[PDB]
Amino acid sequence: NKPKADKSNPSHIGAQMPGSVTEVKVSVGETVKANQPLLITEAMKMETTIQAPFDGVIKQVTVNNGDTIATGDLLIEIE
Amino acid sequence: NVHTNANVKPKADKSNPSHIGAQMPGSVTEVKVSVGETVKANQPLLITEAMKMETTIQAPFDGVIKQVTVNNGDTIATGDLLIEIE
Amino acid sequence: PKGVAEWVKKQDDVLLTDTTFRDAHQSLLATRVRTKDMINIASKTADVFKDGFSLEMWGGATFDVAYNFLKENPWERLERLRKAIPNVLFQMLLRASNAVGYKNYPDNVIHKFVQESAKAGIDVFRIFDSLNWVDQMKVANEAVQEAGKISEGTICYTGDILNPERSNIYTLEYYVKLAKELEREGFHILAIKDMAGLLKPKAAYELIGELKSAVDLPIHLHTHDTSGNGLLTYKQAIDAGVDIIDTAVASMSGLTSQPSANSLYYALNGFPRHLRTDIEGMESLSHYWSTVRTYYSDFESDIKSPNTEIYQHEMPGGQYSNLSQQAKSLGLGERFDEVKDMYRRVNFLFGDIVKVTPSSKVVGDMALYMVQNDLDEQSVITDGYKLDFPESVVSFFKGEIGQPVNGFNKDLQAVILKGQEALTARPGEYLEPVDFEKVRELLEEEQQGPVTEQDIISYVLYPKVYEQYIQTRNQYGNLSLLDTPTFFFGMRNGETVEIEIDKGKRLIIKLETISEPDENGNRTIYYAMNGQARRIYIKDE
Amino acid sequence: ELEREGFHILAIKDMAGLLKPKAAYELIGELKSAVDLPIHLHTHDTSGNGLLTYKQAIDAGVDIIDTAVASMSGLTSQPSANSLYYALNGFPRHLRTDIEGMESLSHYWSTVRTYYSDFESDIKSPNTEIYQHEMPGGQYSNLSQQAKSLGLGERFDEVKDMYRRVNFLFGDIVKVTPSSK
Amino acid sequence: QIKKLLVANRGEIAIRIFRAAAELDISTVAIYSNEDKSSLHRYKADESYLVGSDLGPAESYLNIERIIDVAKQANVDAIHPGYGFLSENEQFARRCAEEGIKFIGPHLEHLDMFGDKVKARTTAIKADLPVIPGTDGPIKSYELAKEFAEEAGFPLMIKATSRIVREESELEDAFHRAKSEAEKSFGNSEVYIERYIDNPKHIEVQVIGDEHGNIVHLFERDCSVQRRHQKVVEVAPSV
Ligand SMILES: Nc1ncnc2c1ncn2[C@@H]1O[C@H](COP(=O)(O)OP(=O)(O)OP(=O)(O)O)[C@@H](O)[C@H]1O
Ligand SMILES: *C(=O)CCCC[C@@H]1SC[C@@H]2NC(=O)N[C@@H]21
Ligand SMILES: [Mn+2]
Ligand SMILES: [Mn+2]
């Protein structure tokens, strides 16, 4: 008495702000084009809106409406 | 209780010369005066141990001890009432 | 306003502008000093500074902080201090077209804000643009003139004019042209905002001297004491003929704050110009703020000695304790020295720019973001094509914060914004005028009754923050009136507290005990309010 | 008298930091004139005017000044060597020392100082009462603690007054150790 | 013409007055001493003020000038003195009028008239009411007892201008302290003597007059249940 996203080869999207999620804009299975805002996360006087790295079809969203996330966390995976 | 270490002391009212307050977090090592006593100015009335260091608490004037809020081996906190004099 | 400027020139004494109510605590205590504490010594302050030029007691970070963290209305701080201090001019720091926020707003917003600020009691508006771009200051200036109040136009200092190798942009010549430009716009007073305490003593002499014979405007010098040379800078400033300086009371002075008024008063003993003020009384103020400061130990910065390395990273003094709190909340507590090393790096990455609010905020956001992800400068030369940046840092390369003298590097910029792109004009002239009528309606709906002009631009300046303040007010009433220790810590068993509500009206609350959490996590607090048994049940979190 | 006694250097110990800027300019100028001894000025930045005082002393022709590294400086300590170094930029006389090293030393002491937090003083600010009462170094802290110990916590603005008066009762004396006690 | 009202008193009477005033939509002000920090009457008025940290609980409700000061600062139209502090004090009622404040009570002349137990007796005689046979004035010089006793009646009583005597050398030895016990509580060493009526029934009449010449009685109160000097039980009407 959250898994961490990979930051080398596999094209996941890792958290770069250690704060909270404000808005989830993408669904479990969705078509998404270049630079489409998919995640809106908030810190103290900061705000990162997560863009798309390339194009692809989003196969998973690992964050809900109002979740605390750490640096380098699994949020999206795209191919 | 089994000793008197759970006992909560009232806070000394700072703008009253009768009230003597604890200056630091310490331990009461030796009580030297009781309720209803009269000794000169500078009388060593209480012996605290701050942190391995020892200071006697002295009376600011002449007068009669109305209350002693502590017993031997009692813990104290900053601003705790210890003694009242007249 | 015209006349007040003329009167300042005739004055041979040095005129003092106190910053205890605004910039001193913005520098030292992450801006958290509450109204209650100011309102308590307002009468004494009114006397001590009866001869001062102004009191800087509004604007800057206080608008955000009051509504946000302190859950108190900054408008109420203003009006109350106004009524309490009718003799001395009130000064507030205004961020050109960013007003009291972090990007540019539509011009009708800045206009409305100044109209309400002036109406509610502000007298001197210190306008400044974080890129020293005069075009951005015109709107604010026009609004201030129209209000019949004093317009102070600022140049923000960077680099070292004593050092040609530091920069061939920010030269003595740079400042003279910029001052002369501010004179034609009809600003009443010229201000030198040395935000990062970069103005070396010799440089201030050389700088004020040139300006003093380049323009007729009275010169208001503002610096921070971060180097430890603040007093020297002022003494030299005074020798070259400066008209007003910004000082703080001894116990709210030094390090990241401004130099000590108290120390200065004596510094000029035996010298030609002395300081126009009451020392016996400033000691009183110092003793007061000495204790009050104690209430805010939780907000004290890391620094406790003068720092000469500030000549390297150029972090603004009024950013220092606020960005120490941001880093702390962001997992970067302890690691703040690495946050300062790259704040220097970020600066040269952007081509040596002016760093004040909000341009400092962007360098600050770029510093916090790169240090979190272990990112270097060369990690963007060909590798920027993906990263995902903070809103402020992309906003800067879109030009929502203006245009820096030296622009940006095309290739440097592109990799950050790709999608849409750069806008070249000062945002005010394309951004459409905000509908204040629709805003009136919206607030008239959520709340159901009387809503003021202050409410309206407050909400336009700060949507989420304002809304949340209203949420809190509905729940907990007016918190301004609680003393600070009670505001931060609540109450101790057997403690009694007086809350002053109005003249002859007070709340006598005694907390008897708190019960154990019942089978719902609800504890019972036994109170006694104004001689009346009372029970309050609180969810234990 | 001291030159005549065969001392090699004249030193001025300003233990209370009373030597104001102009006064230091005035004092050291006349002292350069009067004696052939080099002058070695020592002071405490307890008023906040330490550096300025040093800048004037330098202007009047002082040979040596006492300093401390930034992170061990200011308030009741000595004026910061790092600060003064940059303060003097553009003026006729410079400080014979190494910046890059002062910073490196400062950083060292910055961390080492933390080992001693239990022994820090309660002085957080410059204090200008000193120009009235003249209490050397951190003596207004000791006496404040001692007056609390004698139930005179609220009447300290009267202990400051009496101290100043006692000095005149003893015929105006220098107050260092142990004349200050 | 009384918008705001101050009570120069404490306890139940301050509370009662506050209630009366509240019902007339009249704004109220209380005063409290240091020892009264937590007396209930303090919380029943619209406003309250500490008389000040300068005088103790003793002289806190008796300090004429600092009560007027509080009243001026609060914009008070009238002061109700309740009972048993400044309620019979000519000086306080005078100072009130001198400051544009209505003293809730009779005129200065009535307070002087009845504030003295010789003047009051003179007044009663002048109004043709049966008075207790005694000295047509005061007695200050010595042998004072040995100059009324042997020419009046059997049981006597010496009262100060605010001690039972049954004669025989105890006319002075049991009187000794009627010069100094009228010095700790009251400020009058001046005294007078009355024929002590044994076995009396104490009856008082309630009277109310307006400022237009209208006067009425609200019948009598039997105050005969008393222990020594103190009243204990009252009844109305008398049975
Ligand atoms: N002549 C008298 N004979 C007998 N008893 C008397 C006489 N005068 C007064 N007393 C007693 O004292 C009481 C009232 O007189 P006292 O001297 O106490 O006046 P007081 O205390 O000023 O009254 P109050 O408190 O109502 O103003 C009576 O109830 C009675 O018991
Ligand atoms: C949170 O709302 C507190 C404000 C922190 C940001 C402040 S605004 C002024 C300082 N300059 C800057 O760029 N950031 C600091
Ligand atoms: Mn500033
Ligand atoms: Mn020394």
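The figures follow:
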{"read-out": "Rh by Kirkwood over Cα pairs, then Stokes-Einstein D for chain C at 0.692 mPa s and 37 °C, µm²/s", "value": "134"}
{"read-out": "Computed over the stretch C:112-256, Cα set: Rg, Dmax in Å", "value": "15.3, 47"}
{"read-out": "Cα pair distances in the stretch D:1-84, grouped into 5 Å bins until the bin that holds the longest one, percent each", "value": "3, 17, 27, 24, 16, 9, 4, 1"}
{"read-out": "Angstrom value of the Kirkwood radius, inverse mean 1/r, which spans all Cα pairs in the stretch C:386-471", "value": "15.8"}
{"read-out": "Shielding of C:305-316 by partner chains, average beta-carbon count, 10 Å", "value": "5"}
{"read-out": "DSSP beta bridge pairing in chain E, given as percent antiparallel to the nearest 5", "value": "60"}
{"read-out": "For the stretch D:100-181, radius of gyration divided by Kirkwood radius, i.e. Rg to Rh on alpha-carbons", "value": "1.11"}
{"read-out": "Extension gain (nm, one decimal) between residue C:410 and residue C:185, 0.36 nm per residue minus Cα-Cα", "value": "77.8 nm"}
{"read-out": "Cα-based Rg of the protein assembly as shown normalised by 2.2 N^0.38 Å, two decimals", "value": "1.19"}
{"read-out": "Cα principal axis extents for the stretch A:2-79, largest first, Å", "value": "31, 24, 18"}
{"read-out": "Where N is the number of residues in the stretch D:1-159, Cα Rg divided by 2.2 N^0.38 Å", "value": "1.17"}
{"read-out": "For the stretch E:79-173: Kirkwood Rh in Å [reciprocal of mean 1/r, alpha carbons]", "value": "16.0"}
{"read-out": "Protection-proxy order for peptides B:79-85, C:254-260, D:32-38, C:321-327, each taking the mean of Cβ atoms within 10 Å per residue, highest first", "value": "C:254-260, C:321-327, B:79-85, D:32-38"}
{"read-out": "Helix-only [θ]222 nm of chain C, DSSP H runs n ≥ 4, -39500 (n - 2.57) each, per residue, nearest 500", "value": "-12000 deg cm²/dmol"}
{"read-out": "Within 10 Å of each Cβ in C:229-237, the average number of Cβ atoms from other chains", "value": "5"}
{"read-out": "Relative packing of peptides C:12-21, C:455-464 - highest average C-beta neighbours within 10 Å first", "value": "C:12-21, C:455-464"}
{"read-out": "Per-selection Kirkwood Rh - the stretch C:431-541 (Cα, Å, 1 d.p.)", "value": "17.2"}
{"read-out": "Two-site label geometry, residue E:197 and residue C:430: point separation in nm, points 7 Å out along Cα→Cβ", "value": "10.6"}
{"read-out": "Label-point gap, in nm, between residue E:166 and residue E:34 - each point 7 angstrom along Cα→Cβ", "value": "4.7"}
{"read-out": "Neighbour-count order for E:53, C:151, C:167, fewest beta carbons within 10 angstrom listed first", "value": "E:53, C:167, C:151"}
{"read-out": "Rg in Å to one decimal, and Dmax rounded to a whole Å, for the stretch E:146-226 via C-alpha atoms", "value": "17.3, 53"}
{"read-out": "Computed over the stretch C:203-321, Cα set: Rg, Dmax in Å", "value": "15.3, 46"}
{"read-out": "For residue B:28, net neighbour charge (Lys/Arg +1, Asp/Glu -1) across residues whose Cβ lies under 13 Å away", "value": "-3"}
{"read-out": "Among beta bridges that DSSP assigns inside chain C, antiparallel share in %, nearest 5", "value": "35"}
{"read-out": "Pair residue C:448, residue B:14: separation of 7 Å Cα→Cβ label points (nm)", "value": "4.6"}
{"read-out": "Shielding of A:38-48 by partner chains, average beta-carbon count, 10 Å", "value": "6"}
{"read-out": "Sorted peptide list for C:409-420, C:229-240, criterion being average Cβ within 10 angstrom, highest first", "value": "C:229-240, C:409-420"}
{"read-out": "The stretch C:66-148: proportion of alpha-carbon pairs further apart than 15 angstrom, %", "value": "58"}
{"read-out": "The stretch A:1-72 and the stretch D:110-181: distance between their alpha carbon centers, rounded to Å", "value": "59"}
{"read-out": "Order of C:380, E:232 - criterion: other Cβ atoms within 10 Å of each residue's Cβ, fewest first", "value": "E:232, C:380"}
{"read-out": "Residue list for the stretch C:90-120, given a label point 7 angstrom along the Cα-to-Cβ vector of residue C:169 and an amide N cut-off under 15 Å", "value": "none"}
{"read-out": "Percent antiparallel among DSSP beta bridges (both partners in the protein assembly as shown, rounded to 5)", "value": "60"}
{"read-out": "Taking the C-alpha atoms of the stretch C:173-245, convex hull volume expressed per residue in Å³", "value": "75"}
{"read-out": "Quotient of C-alpha Rg and 2.2 N^0.38 Å, computed over the stretch C:280-362", "value": "1.33"}
{"read-out": "Isotropic mean projected area of the C-alpha convex hull, chain E (nm²)", "value": "15.9"}
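Don't worry about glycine lacking a Cβ; one is built from the backbone with ideal geometry, like all the others, and counts go over all protein chains shown. Each reported figure results from applying straightforward, stated rules to the coordinates on display, with no laboratory input.
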